[PDB]
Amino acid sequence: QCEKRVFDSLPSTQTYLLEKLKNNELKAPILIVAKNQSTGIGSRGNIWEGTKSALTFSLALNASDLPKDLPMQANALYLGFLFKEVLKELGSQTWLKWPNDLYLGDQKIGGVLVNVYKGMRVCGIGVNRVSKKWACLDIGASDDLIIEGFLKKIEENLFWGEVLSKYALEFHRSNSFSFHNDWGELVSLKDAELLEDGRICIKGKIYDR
């Protein structure tokens, strides 16, 4: 498998990895783990807060490492769904709320973030393990076990077509919830319908993230 670097603390594994690729100091595939993040990044430049114990890493892939039929807009959905299936095989009840959120019950415990740079895809995943502020993962699997499973699910190289069909079975759970559009405004998923490229339509309007 691919090299892993583990830091006790970084501002952000995503920022670290992106800047190393931009400077041509690393090459995909490579995996970057921070035991603690001090300036984690969510979606839309929101903060992803560090908990007492959290799983936070970023994984750089080459396009060739992903299905040929995977649209760029579906990156977070595809990698997020595989991560969730890794969690489910380890006994977790975690589910994927559209577009890229890891939920337990009806509370967010983690999220997926994909940045694209020169055809390389930088997948950043955070999941709370221990915290008094936020909900946490419902299993005890080591971080190494979760990440190894993740690398293997990616390695199975399933068509995007297959993965979305699995997710389409559970999209409906998202209908009770909402997401933030590009301008930060809450939008209900009640009437949202899934599209074959991972986007949704709500009464004739298409959304992505």
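Residue numbers here begin at 1 and follow the sequence given.
> Per the PDB record, is the mean Cα temperature factor higher over 67 to 75 or over 92 to 100?
Comparing averages over the C-alpha atoms only gives 67 to 75.
> What stretch has the higher average Cα B-factor here, 121 to 129 or 82 to 90?
Higher mean C-alpha B-factor: 82 to 90.
> Go through 159, 177, 57, 48 one by one and give the residue whose Cα B-factor in the PDB entry is largest.
The C-alpha B-factor peaks, among 159, 177, 57, 48, at 159.
> Which of these, 147, 30, 34, 164, has its C-alpha atom at the highest B-factor, as the entry lists it?
Spelled out: the listed residue with the top C-alpha B-factor is 164.
> Per the entry's values, where does residue 206 land by CA temperature factor relative to the rest of its chain, in the lowest, middle or highest third?
CA B-factor rank for residue 206: highest third.
> Sorting by Cα B-factor within the chain, modelled residues only, which third would residue 154 end up in: lowest, middle or highest?
Answer is highest: the recorded C-alpha B-factor places it there.
> Which third, lowest, middle or highest, does the C-alpha temperature factor of residue 23 belong to within its own chain?
Its C-alpha B-factor belongs to the highest third of this chain's values.
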